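S.K.: The structure's right below; bear with me while I get my questions together.
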Amino acid sequence: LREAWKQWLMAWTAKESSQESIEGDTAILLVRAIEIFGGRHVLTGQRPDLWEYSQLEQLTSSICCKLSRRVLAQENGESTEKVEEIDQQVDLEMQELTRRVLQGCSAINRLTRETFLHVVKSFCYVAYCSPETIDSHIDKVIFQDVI
Amino acid sequence: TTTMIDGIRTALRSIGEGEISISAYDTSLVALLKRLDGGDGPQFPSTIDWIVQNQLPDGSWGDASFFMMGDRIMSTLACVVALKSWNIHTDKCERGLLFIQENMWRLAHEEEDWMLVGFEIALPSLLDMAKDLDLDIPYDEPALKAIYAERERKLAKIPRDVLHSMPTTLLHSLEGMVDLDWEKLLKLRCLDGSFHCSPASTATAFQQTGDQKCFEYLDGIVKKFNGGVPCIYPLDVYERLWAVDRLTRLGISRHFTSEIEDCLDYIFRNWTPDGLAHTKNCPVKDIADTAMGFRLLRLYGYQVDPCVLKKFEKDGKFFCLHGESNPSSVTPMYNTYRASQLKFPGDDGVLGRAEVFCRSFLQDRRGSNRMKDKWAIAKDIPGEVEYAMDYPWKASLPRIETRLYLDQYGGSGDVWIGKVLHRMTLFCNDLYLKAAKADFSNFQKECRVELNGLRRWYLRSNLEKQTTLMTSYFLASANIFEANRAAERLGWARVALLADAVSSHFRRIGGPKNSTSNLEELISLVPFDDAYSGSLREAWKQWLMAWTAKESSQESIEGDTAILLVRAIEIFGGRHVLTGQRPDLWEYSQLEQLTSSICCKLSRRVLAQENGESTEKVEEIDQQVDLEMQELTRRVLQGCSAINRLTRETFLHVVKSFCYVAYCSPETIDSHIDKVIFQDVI
Amino acid sequence: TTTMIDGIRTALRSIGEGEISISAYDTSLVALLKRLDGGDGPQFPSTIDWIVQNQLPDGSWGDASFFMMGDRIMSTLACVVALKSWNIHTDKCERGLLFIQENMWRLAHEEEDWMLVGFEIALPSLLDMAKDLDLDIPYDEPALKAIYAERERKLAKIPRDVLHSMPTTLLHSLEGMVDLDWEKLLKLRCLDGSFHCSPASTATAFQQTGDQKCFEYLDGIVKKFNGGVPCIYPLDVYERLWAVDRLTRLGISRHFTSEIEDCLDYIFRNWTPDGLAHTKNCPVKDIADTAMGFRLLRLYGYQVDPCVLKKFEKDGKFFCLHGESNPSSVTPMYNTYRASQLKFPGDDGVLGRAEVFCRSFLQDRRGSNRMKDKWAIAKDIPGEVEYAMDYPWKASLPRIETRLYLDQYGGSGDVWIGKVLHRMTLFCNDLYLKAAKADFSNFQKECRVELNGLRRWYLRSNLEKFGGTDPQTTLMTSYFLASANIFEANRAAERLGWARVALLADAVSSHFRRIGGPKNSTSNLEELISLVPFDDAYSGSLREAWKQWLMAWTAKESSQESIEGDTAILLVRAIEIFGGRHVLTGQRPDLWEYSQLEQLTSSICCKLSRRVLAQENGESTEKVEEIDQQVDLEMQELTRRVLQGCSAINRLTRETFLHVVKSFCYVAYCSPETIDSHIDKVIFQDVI
Ligand SMILES: CC(C)=CCC/C(C)=C/CC/C(C)=C/CC/C(C)=C/COP(=O)(O)OP(=O)(O)O
Ligand SMILES: CC(C)=CCC/C(C)=C/CC/C(C)=C/CC/C(C)=C/COP(=O)(O)OP(=O)(O)O
């Protein structure tokens, strides 16, 4: 966790004068922290696992960056077409990610791909809901007693 | 010849305080120091023996291999003022007097931008001390009132109070100074005990007060050379840095990978928070040494911080020294500019100001024929400034640079400018040129053979689904040019060729979904061994999948092509990330992502530039790729990680190849090609 | 290399009744047995068959390599007597008699300490046996009178009474006595059936009595060696002890940790309450085996009591055997002194008097030039004695003693004074020295390589802006003090760790000591621990130790106490981190053992720091001696707690505590020039 936080902070101080958002770095930090807390290494010896992990990380970073850009452009005084463009690109990247994750002939473990999917789905969910529905769901899931 | 390499290595690994020539001025000035006990003549006989031993045919002094004017007349007068003061060998004394009396008319045609150190403060004092003895002087001449005016300007810019509170560059020439008031000035000299490492000034100071440390220094420096005293001593930090520079720029650095480290060690052990001028003693750090040591240390994987360069900042202008009474030269500014490339994102903005101020400076003086420097004399400095200003670090392949420079090294004719004229022996030699030419010819012949060796296979492989073969092989050879890396070079080239072939085929057929044939089997055409049989096939399948997934979108597929080419380089050679950590995974992922992003951005830029849009979008994409390349360059040459060095240099090689492709014109590319791999040398 | 280790392991795993070279005198004295069944030839003809085919080219007998007078005299006289008795092969008797009558004159220059056992009781009787026959030997000699005088001098110490009641060291030479009460003498022999493990005495008693067990012993020892009888037999306890000692003190014992533990079990199973002996079934004991066996049994983690040494006391003056003439015994007193270092505080106080008397005697003998022993010559005894005396148990790193001991080994040049000069083979060999030298060189190579690597790491991290005015000496000292204890091949992750953390501590300490305390500091110091290369298991749990040490620094300011204790605690914790060794604190005794060990280490290091400080300022000797005793008490307690076997902790942890304390205690008992000589001799001085 020390190293992961150091890398995240270095990525902060390395993109201070650019117009690119920094949500991808936070997503990568969350994924690395979950993988560390779980206690699952990755066999870095053979090439296919390395390449699979690199592809997955690049995909989730790009997806989170696109989501951040869409969320920024939404509330601002923009038209209703650029939003559709960004949504189409987001959907293409998401379908590629779910192809890479839900497959069955891969060599990486099962839980790591599901962790990637959980993080990306959490981001995409929190990006697509007004706070009122979030409050309603919070009150209905862990507070509204069932039986 | 390989023996020359071992010879220069043996001469380098036994380095000392630098081997420079001897000056007549200094020998004459130190010869006239008389003894203490009795004193039946001067102190040292070796100096006067060398004086009477090394007369030129014209009767003058100095190195006649380059006929200057000022140094010759100064040395002759300062030598006669002693040869006729001790009243010995009188038959040759006036022989030099005739020379000066017949050639004093040249001081109205000599260059202004080449004036020796302390000239305007050592020539009047020389005339003063020569007044007494029986000898003829042409006192009245405008070329003397001129130097008097320069002396007055120097004394106007440099008051007297500076010579008693802080070290100052004046102490190198203490001859034309009176009423020194050595009470406070004696505790201000250097740590070795000298006076700014100038034997003449130490002799002048010891003549007026009996100090023992200056006596010991003079005795040691005269007994070291066994006859003769150099113009300046020692030179144990300047020589090392400049030798390492002139050695790594020629292209034989890979042979001496041990002595270079054991030579930069002595630089890193003396990185004072102020700087390093020429020794660990002289406390007058200038900006022509730092700009060199900092760049070199940061290039070979060390830990340095450029906040020290801020100490020369004065109102946007940069001082060469503390009291420069002259517009600075080009070599310190040129070195500052060349060291303002390896900037890291977290570094202070001091480099951001140098990168523009020095650019403006070197652009003004380049817009004319005013390219004369002040601290050096070389064959073609404007050409090298042109090269360093036309091609930045982002698109500077090593082979192109070494080829364009190999015909610009001064050999043995590079004189320098101090108090007298002197020549360097370590990094001004002809063995370097011989070894560099031999190695370059070997590489050229190897490439000229392997180019046809590759063209034959290309014609036999039936891949016409042209001219890209020669360019591809030139790009493959301009980076990995070592003797035993053909296995990686051919792999570099073949995968790129097959890739652009399939890329053209997919575009022609109209999509990768209307393809009726199978394509994964195409990898069998490339030669293979048993150890790496399917891994390359796996990478090829991954590239094909990345293509069929990145279709009907906007981002180009060139990034994945760069990543595939990198993995291909990685397969040939067989080195893993076998250590096994979390930082290793993270470093690999970050490097791959940065490479892909930079490649895609350059693809977008080259696509959007041809369209003829406004010139501002180009500036935007350029600033973006610069902000990315800074971080990539930081991660490549940090030298504090656990990844095999070549696996790290591969990414930089590929990214620089792509940047050079995107930042050049085809005709200039072809000129570089047929100048490097077609036109022979010698 | 590695086949030599296999040969040595094979020679060890099949040890038995002992290996020892044959001797001609005993064979001659055995051949004189006339046949039992009534024949004419001797009972054992293999003795003659051997004795006739082993004559030296010179025409003499005895040992070939070495050359001593009494050996040759006795061997040749016995051989000529055994030849003349049966009166066969009489062509060589004159060849031997020539040598005798030509070299008996030179019997006046032999040393006084080198006197064979039973010499003054076997030479006169053999001369009398020769006088019965007509053999012209120079019976007259000024030297022979000294022998007859020494005979009476020894006979005065043992009367005719105690020889028939208590078994003494006299039965080893019996043929040189007559008028024996054989009734009250058959009740004193060994359990095997031989008189004090001696074939000559058994032979003499057989031809003068009608016993049957002695005949069985003689027949067995004759048949086991296919002709020829040895000087003494068996040796089933001597060989084991001295082989284990020569393997331990040579630095090669780690490869044989599965046989040494199976070799010491035989000694532990036969721990006779009044001391050990030179075999399992000898009724007289001595000190050259009790002390050595006790020390060896205690150093490997057994349960032995040292009160058995009380039997060897007589008016505050020890001895080696029950009644002797010349008390010139260097090896027994030396071994007793060396076994007087291991000492628990609750043991009986006899070891104190043992140490005192042995040190007094050895210092007396070292003042003069009488460093000659009566049991065995060697290559260098004074070197061994001076080393074991000048560097006590507290400050004797094993690698140093091994590097020094790779010179004083005898190889094949050793010989032990018994009834005649006889060579031992199982622990006086040539494979031992060669294997030890090879292993030492193989260690030195890795030492040099890792030293270079550590030097590069020290240069790259700009950690020379602190430290003394000569960083190379500090680096060399702090790496030698680490590569001398953990010397194995697969513990680099602990060696280099110790070195790095020691350098960091010694830099931060100087930086703090040149400023004026922790309050006047401004830089971030907690971050210096990141200079150690990153890992997953090792790092991460080390910043805790660093922060605890820094809290210890910032908490001991208003007082005046030292800080070395917390530095030793940091070193032991950081050595425990690497290697990956936990302690199962689930059960309590392990927790309590760990706490006690840590507290003892801290206190000892603080007391040593106080000693060095109060000794530098030039005070009297009383304070220094008091501090020395105060330190030695806790050192004894720590040694007891580390060597014993009660709690259940991984032995390597307690051994790490011992290593750290040994280093911190050794660094304060030597001048810098001496430690520099040691660093130069251990690493750079190459072998073979
Ligand atoms: C800087 C490089 C590449 C090498 C160093 C070579 C050295 C040590 C040169 C001597 C340094 C020194 C004492 C320079 C003197 C600086 C000075 C104020 C000279 C006075 O002359 P200027 O004020 O430059 O004007 P002119 O030299 O044109 O008269
Ligand atoms: C027990 C140790 C340390 C070694 C054993 C090695 C052997 C074979 C020792 C001989 C065993 C033994 C019974 C020796 C006694 C021989 C003897 C002469 C006893 C009486 O005289 P000493 O006083 O021992 O010696 P001197 O005869 O030279 O006076």
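Ordering of the structure tokens sets the chain letters (A, B, ...); residue numbers start at 1 within each chain; ligands are numbered from 1 in the order shown.
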Taking the DSSP assignment computed from this structure's backbone, write out as a PyMOL selection string all residues of stretch 94-136 of chain A that belong to helix (DSSP H, G or I).
M.R.: chain A and resi 94-102+110-126+131-136
S.K.: Restrict the distance test to only C-alpha atoms, flag each residue of chain B within 10 Å of chain C, and return the flagged residues as a PDB file with N, CA and C atoms, in the first residue's frame.
M.R.:
```pdb
ATOM      1  N   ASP B 265      32.296   8.795 -11.091  1.00  0.00           N
ATOM      2  CA  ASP B 265      32.259   8.670  -9.639  1.00  0.00           C
ATOM      3  C   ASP B 265      32.940   9.861  -8.973  1.00  0.00           C
ATOM      4  N   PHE B 268      30.467  12.785  -9.179  1.00  0.00           N
ATOM      5  CA  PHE B 268      29.363  12.684  -8.232  1.00  0.00           C
ATOM      6  C   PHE B 268      29.817  12.840  -6.788  1.00  0.00           C
ATOM      7  N   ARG B 269      31.075  12.530  -6.482  1.00  0.00           N
ATOM      8  CA  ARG B 269      31.569  12.698  -5.122  1.00  0.00           C
ATOM      9  C   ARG B 269      31.893  14.147  -4.776  1.00  0.00           C
ATOM     10  N   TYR B 302      21.809   8.656 -12.550  1.00  0.00           N
ATOM     11  CA  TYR B 302      22.182   9.086 -11.209  1.00  0.00           C
ATOM     12  C   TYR B 302      21.054   9.895 -10.585  1.00  0.00           C
ATOM     13  N   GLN B 303      21.306  10.487  -9.423  1.00  0.00           N
ATOM     14  CA  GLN B 303      20.322  11.309  -8.730  1.00  0.00           C
ATOM     15  C   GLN B 303      20.900  12.702  -8.538  1.00  0.00           C
ATOM     16  N   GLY B 580      10.094 -10.589 -10.013  1.00  0.00           N
ATOM     17  CA  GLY B 580       8.787 -10.866  -9.458  1.00  0.00           C
ATOM     18  C   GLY B 580       8.447 -10.008  -8.259  1.00  0.00           C
ATOM     19  N   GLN B 581       7.733  -8.913  -8.495  1.00  0.00           N
ATOM     20  CA  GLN B 581       7.278  -8.019  -7.438  1.00  0.00           C
ATOM     21  C   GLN B 581       5.984  -7.364  -7.906  1.00  0.00           C
ATOM     22  N   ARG B 582       5.420  -6.511  -7.061  1.00  0.00           N
ATOM     23  CA  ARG B 582       4.326  -5.642  -7.474  1.00  0.00           C
ATOM     24  C   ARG B 582       4.855  -4.420  -8.228  1.00  0.00           C
ATOM     25  N   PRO B 583       5.933  -3.772  -7.758  1.00  0.00           N
ATOM     26  CA  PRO B 583       6.491  -2.657  -8.536  1.00  0.00           C
ATOM     27  C   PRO B 583       6.894  -3.033  -9.948  1.00  0.00           C
ATOM     28  N   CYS B 640      17.145   3.476 -10.868  1.00  0.00           N
ATOM     29  CA  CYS B 640      16.917   3.045  -9.494  1.00  0.00           C
ATOM     30  C   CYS B 640      15.793   2.019  -9.431  1.00  0.00           C
ATOM     31  N   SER B 641      15.709   1.153 -10.441  1.00  0.00           N
ATOM     32  CA  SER B 641      14.678   0.122 -10.470  1.00  0.00           C
ATOM     33  C   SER B 641      15.297  -1.260 -10.633  1.00  0.00           C
ATOM     34  N   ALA B 642      14.458  -2.289 -10.735  1.00  0.00           N
ATOM     35  CA  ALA B 642      14.908  -3.674 -10.803  1.00  0.00           C
ATOM     36  C   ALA B 642      14.492  -4.328 -12.115  1.00  0.00           C
TER      37      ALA B 642
END
```
S.K.: So which residues are near ligand 1, meaning at most 9 Å away with only C-alpha atoms and all ligand atoms counted, given back as a tab-separated table (two decimals) with N, CA, C and O atoms, in the first residue's frame?
M.R.:
```
chain	number	residue	atom	x	y	z
B	112	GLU	N	38.82	40.96	-32.14
B	112	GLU	CA	38.41	41.46	-30.83
B	112	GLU	C	37.83	40.35	-29.97
B	112	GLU	O	38.13	40.24	-28.78
B	113	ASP	N	36.99	39.50	-30.57
B	113	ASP	CA	36.32	38.42	-29.85
B	113	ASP	C	37.28	37.36	-29.33
B	113	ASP	O	36.86	36.50	-28.55
B	114	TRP	N	38.55	37.39	-29.73
B	114	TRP	CA	39.58	36.50	-29.20
B	114	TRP	C	40.63	37.36	-28.51
B	114	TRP	O	41.64	37.74	-29.11
B	115	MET	N	40.38	37.67	-27.24
B	115	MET	CA	41.33	38.39	-26.41
B	115	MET	C	41.63	37.56	-25.17
B	115	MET	O	40.72	37.13	-24.46
B	116	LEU	N	42.92	37.35	-24.92
B	116	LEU	CA	43.35	36.43	-23.88
B	116	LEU	C	42.97	36.96	-22.50
B	116	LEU	O	42.70	38.15	-22.31
B	117	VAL	N	42.95	36.04	-21.54
B	117	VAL	CA	42.56	36.37	-20.17
B	117	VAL	C	43.57	37.32	-19.56
B	117	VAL	O	44.79	37.10	-19.64
B	118	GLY	N	43.07	38.39	-18.94
B	118	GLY	CA	43.92	39.38	-18.32
B	118	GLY	C	44.77	40.19	-19.27
B	118	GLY	O	45.69	40.88	-18.81
B	119	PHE	N	44.51	40.12	-20.58
B	119	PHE	CA	45.31	40.84	-21.56
B	119	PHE	C	45.40	42.32	-21.23
B	119	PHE	O	46.50	42.89	-21.12
B	120	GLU	N	44.25	42.96	-21.03
B	120	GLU	CA	44.21	44.39	-20.76
B	120	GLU	C	44.62	44.75	-19.34
B	120	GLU	O	44.66	45.94	-19.01
B	121	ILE	N	44.94	43.77	-18.50
B	121	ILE	CA	45.47	44.03	-17.16
B	121	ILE	C	46.83	43.40	-16.94
B	121	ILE	O	47.41	43.56	-15.86
B	147	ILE	N	43.44	49.03	-25.28
B	147	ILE	CA	43.48	48.12	-24.14
B	147	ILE	C	43.44	48.90	-22.83
B	147	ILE	O	42.93	48.40	-21.83
B	150	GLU	N	39.77	49.38	-22.32
B	150	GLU	CA	39.19	48.14	-21.83
B	150	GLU	C	39.54	47.90	-20.36
B	150	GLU	O	38.70	47.42	-19.59
B	151	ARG	N	40.77	48.23	-19.96
B	151	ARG	CA	41.16	48.11	-18.55
B	151	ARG	C	40.33	49.04	-17.68
B	151	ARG	O	39.90	48.65	-16.58
B	154	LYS	N	36.91	47.54	-17.32
B	154	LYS	CA	36.96	46.41	-16.40
B	154	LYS	C	37.01	46.88	-14.95
B	154	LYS	O	36.30	46.34	-14.09
B	168	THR	N	36.92	36.21	-6.30
B	168	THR	CA	36.58	36.89	-7.54
B	168	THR	C	37.54	36.42	-8.63
B	168	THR	O	38.68	36.06	-8.36
B	169	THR	N	37.05	36.45	-9.87
B	169	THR	CA	37.81	35.98	-11.02
B	169	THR	C	39.03	36.85	-11.33
B	169	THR	O	39.75	36.54	-12.29
B	170	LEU	N	39.28	37.91	-10.57
B	170	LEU	CA	40.44	38.76	-10.85
B	170	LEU	C	41.74	38.08	-10.44
B	170	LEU	O	42.79	38.33	-11.04
B	171	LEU	N	41.69	37.23	-9.41
B	171	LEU	CA	42.87	36.60	-8.84
B	171	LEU	C	43.64	35.73	-9.83
B	171	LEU	O	44.73	35.26	-9.47
B	172	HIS	N	43.15	35.49	-11.04
B	172	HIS	CA	43.93	34.73	-12.01
B	172	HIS	C	45.04	35.57	-12.64
B	172	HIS	O	46.01	35.01	-13.15
B	173	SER	N	44.92	36.90	-12.60
B	173	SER	CA	45.93	37.81	-13.13
B	173	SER	C	46.16	38.91	-12.09
B	173	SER	O	45.48	39.94	-12.10
B	196	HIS	N	43.66	31.14	-7.21
B	196	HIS	CA	42.83	30.78	-8.35
B	196	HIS	C	43.57	29.86	-9.32
B	196	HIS	O	43.29	29.85	-10.52
B	197	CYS	N	44.53	29.09	-8.80
B	197	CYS	CA	45.26	28.09	-9.57
B	197	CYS	C	46.02	28.73	-10.73
B	197	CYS	O	46.00	28.26	-11.87
B	198	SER	N	46.72	29.83	-10.43
B	198	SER	CA	47.52	30.53	-11.43
B	198	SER	C	48.93	30.75	-10.89
B	198	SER	O	49.12	31.56	-9.98
B	232	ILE	N	47.74	26.79	-16.22
B	232	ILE	CA	46.77	26.63	-15.14
B	232	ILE	C	46.85	25.19	-14.66
B	232	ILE	O	47.09	24.27	-15.44
B	233	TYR	N	46.64	25.00	-13.35
B	233	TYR	CA	46.80	23.69	-12.73
B	233	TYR	C	46.14	23.68	-11.36
B	233	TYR	O	46.33	24.63	-10.58
B	235	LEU	N	43.53	20.47	-13.38
B	235	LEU	CA	42.38	20.39	-14.27
B	235	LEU	C	41.69	19.03	-14.13
B	235	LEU	O	41.36	18.37	-15.11
B	238	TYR	N	37.37	19.47	-14.98
B	238	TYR	CA	37.06	19.88	-16.34
B	238	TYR	C	37.41	18.78	-17.34
B	238	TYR	O	36.58	18.38	-18.17
B	239	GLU	N	38.64	18.28	-17.25
B	239	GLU	CA	39.12	17.29	-18.21
B	239	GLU	C	38.26	16.04	-18.20
B	239	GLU	O	37.93	15.51	-19.27
B	242	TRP	N	34.72	16.71	-19.87
B	242	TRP	CA	34.77	16.95	-21.31
B	242	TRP	C	35.29	15.73	-22.06
B	242	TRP	O	34.86	15.48	-23.19
B	277	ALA	N	33.83	23.84	-10.76
B	277	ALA	CA	34.42	24.58	-11.88
B	277	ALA	C	35.48	23.78	-12.61
B	277	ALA	O	35.27	23.31	-13.73
B	278	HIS	N	36.64	23.59	-11.98
B	278	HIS	CA	37.67	22.72	-12.55
B	278	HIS	C	38.39	21.86	-11.52
B	278	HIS	O	39.06	20.91	-11.91
B	284	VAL	N	34.73	29.24	-7.55
B	284	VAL	CA	34.21	30.22	-8.54
B	284	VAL	C	33.39	29.45	-9.58
B	284	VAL	O	33.61	29.66	-10.79
B	286	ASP	N	31.17	28.25	-12.32
B	286	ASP	CA	30.61	29.03	-13.45
B	286	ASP	C	29.58	28.06	-14.04
B	286	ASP	O	29.50	26.92	-13.54
B	287	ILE	N	28.82	28.51	-15.04
B	287	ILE	CA	27.79	27.68	-15.70
B	287	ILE	C	28.11	26.86	-16.96
B	287	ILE	O	27.16	26.44	-17.65
B	288	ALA	N	29.40	26.67	-17.25
B	288	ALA	CA	29.84	25.88	-18.42
B	288	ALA	C	30.29	24.49	-17.95
B	288	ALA	O	30.47	23.60	-18.80
B	289	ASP	N	30.48	24.34	-16.63
B	289	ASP	CA	30.89	23.05	-16.02
B	289	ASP	C	29.62	22.34	-15.54
B	289	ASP	O	29.41	21.18	-15.93
B	320	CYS	N	28.00	33.95	-17.18
B	320	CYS	CA	29.02	32.92	-17.36
B	320	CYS	C	29.93	32.84	-16.14
B	320	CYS	O	30.27	31.75	-15.69
B	321	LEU	N	30.30	33.99	-15.58
B	321	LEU	CA	31.02	34.07	-14.32
B	321	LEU	C	30.45	35.24	-13.53
B	321	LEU	O	29.41	35.80	-13.88
B	322	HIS	N	31.14	35.63	-12.45
B	322	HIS	CA	30.60	36.67	-11.59
B	322	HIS	C	30.90	38.06	-12.14
B	322	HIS	O	30.14	39.01	-11.89
B	323	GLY	N	31.99	38.21	-12.88
B	323	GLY	CA	32.40	39.53	-13.34
B	323	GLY	C	32.71	39.62	-14.82
B	323	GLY	O	33.64	40.32	-15.21
B	324	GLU	N	31.95	38.91	-15.65
B	324	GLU	CA	32.23	38.91	-17.09
B	324	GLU	C	32.01	40.30	-17.68
B	324	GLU	O	30.89	40.83	-17.70
B	325	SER	N	33.10	40.91	-18.14
B	325	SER	CA	33.03	42.19	-18.87
B	325	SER	C	33.00	41.96	-20.37
B	325	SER	O	33.77	42.55	-21.13
B	326	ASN	N	32.09	41.09	-20.82
B	326	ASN	CA	31.99	40.71	-22.22
B	326	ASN	C	30.74	39.88	-22.44
B	326	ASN	O	30.35	39.10	-21.56
B	327	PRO	N	30.07	40.02	-23.59
B	327	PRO	CA	28.98	39.08	-23.92
B	327	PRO	C	29.51	37.66	-23.97
B	327	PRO	O	30.57	37.40	-24.55
B	328	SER	N	28.77	36.74	-23.37
B	328	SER	CA	29.26	35.39	-23.15
B	328	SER	C	29.51	34.68	-24.48
B	328	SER	O	29.10	35.13	-25.55
B	331	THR	N	29.79	28.25	-26.30
B	331	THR	CA	29.94	26.92	-25.71
B	331	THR	C	29.27	26.78	-24.34
B	331	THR	O	28.61	25.75	-24.12
B	332	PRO	N	29.38	27.73	-23.40
B	332	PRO	CA	28.60	27.56	-22.15
B	332	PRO	C	27.11	27.61	-22.40
B	332	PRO	O	26.35	26.79	-21.85
B	374	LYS	N	34.41	32.36	-27.38
B	374	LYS	CA	35.38	33.05	-26.55
B	374	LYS	C	36.31	32.12	-25.77
B	374	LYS	O	37.45	32.50	-25.50
B	375	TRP	N	35.85	30.92	-25.40
B	375	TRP	CA	36.67	30.00	-24.61
B	375	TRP	C	37.13	28.78	-25.39
B	375	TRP	O	37.55	27.80	-24.76
B	376	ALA	N	37.08	28.80	-26.71
B	376	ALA	CA	37.50	27.65	-27.50
B	376	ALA	C	37.79	28.10	-28.93
B	376	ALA	O	37.47	29.23	-29.32
B	416	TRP	N	42.88	26.25	-27.32
B	416	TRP	CA	41.97	26.84	-26.35
B	416	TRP	C	42.51	28.19	-25.90
B	416	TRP	O	43.65	28.56	-26.20
B	417	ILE	N	41.69	28.93	-25.16
B	417	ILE	CA	41.98	30.32	-24.81
B	417	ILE	C	42.07	30.41	-23.29
B	417	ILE	O	41.05	30.31	-22.59
B	418	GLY	N	43.28	30.61	-22.78
B	418	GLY	CA	43.48	30.93	-21.38
B	418	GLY	C	44.28	32.20	-21.23
B	418	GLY	O	44.11	33.13	-22.03
B	419	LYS	N	45.16	32.27	-20.23
B	419	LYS	CA	46.09	33.39	-20.16
B	419	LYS	C	47.12	33.31	-21.28
B	419	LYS	O	47.60	34.34	-21.76
```
S.K.: Could you list, as a ChimeraX atom specification, every residue within 12 Å of residue C:150, counting only C-alpha atoms and ignoring same-chain residues fewer than 5 positions away?
M.R.: /C:112,115,118-121,123-124,143-145,155-157,324-326
S.K.: Could you write those residues out with N, CA and C atoms, as a tab-separated table (two decimals), in the first residue's frame?
M.R.:
```tsv
chain	number	residue	atom	x	y	z
C	112	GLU	N	63.70	-34.04	28.58
C	112	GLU	CA	63.18	-34.61	29.82
C	112	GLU	C	61.67	-34.84	29.74
C	115	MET	N	59.40	-38.41	27.57
C	115	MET	CA	59.76	-39.70	28.17
C	115	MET	C	58.56	-40.61	27.97
C	118	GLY	N	55.79	-45.71	30.91
C	118	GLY	CA	56.41	-46.96	31.30
C	118	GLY	C	57.81	-47.15	30.78
C	119	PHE	N	58.58	-46.07	30.63
C	119	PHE	CA	59.93	-46.18	30.09
C	119	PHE	C	60.89	-46.70	31.15
C	120	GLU	N	60.93	-46.04	32.31
C	120	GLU	CA	61.82	-46.43	33.40
C	120	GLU	C	61.44	-47.76	34.03
C	121	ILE	N	60.33	-48.37	33.61
C	121	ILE	CA	59.94	-49.68	34.13
C	121	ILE	C	59.99	-50.76	33.05
C	123	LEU	N	62.47	-50.38	30.18
C	123	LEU	CA	63.84	-50.47	29.68
C	123	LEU	C	64.73	-51.30	30.60
C	124	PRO	N	64.73	-51.11	31.93
C	124	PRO	CA	65.58	-51.97	32.77
C	124	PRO	C	65.20	-53.44	32.72
C	143	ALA	N	74.10	-42.25	31.02
C	143	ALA	CA	72.67	-41.98	30.91
C	143	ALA	C	71.82	-43.03	31.61
C	144	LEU	N	72.30	-44.27	31.69
C	144	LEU	CA	71.48	-45.35	32.24
C	144	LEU	C	71.27	-45.18	33.74
C	145	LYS	N	72.20	-44.51	34.42
C	145	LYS	CA	72.03	-44.27	35.85
C	145	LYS	C	70.85	-43.36	36.14
C	155	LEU	N	58.85	-45.34	41.92
C	155	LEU	CA	58.46	-46.41	42.82
C	155	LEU	C	58.21	-45.92	44.24
C	156	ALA	N	58.85	-44.82	44.65
C	156	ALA	CA	58.57	-44.25	45.96
C	156	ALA	C	57.15	-43.70	46.06
C	157	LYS	N	56.60	-43.19	44.96
C	157	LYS	CA	55.27	-42.60	44.97
C	157	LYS	C	54.16	-43.64	45.03
C	324	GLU	N	51.97	-39.20	39.46
C	324	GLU	CA	52.93	-39.11	38.37
C	324	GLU	C	54.22	-38.50	38.91
C	325	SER	N	55.18	-38.27	38.02
C	325	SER	CA	56.48	-37.75	38.41
C	325	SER	C	56.71	-36.32	37.93
C	326	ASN	N	56.56	-36.09	36.62
C	326	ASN	CA	56.77	-34.73	36.05
C	326	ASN	C	55.41	-34.11	35.69
```
S.K.: Distance limit 10 Å, atoms considered: only C-alpha atoms. Which chain A residues sit that close to chain B? Return them as number ranges by chain.
M.R.: A: 3-4, 7, 10-11, 13-20, 28, 32, 36, 41-48, 50-59, 61-62, 88-89, 92-93, 95-96, 99
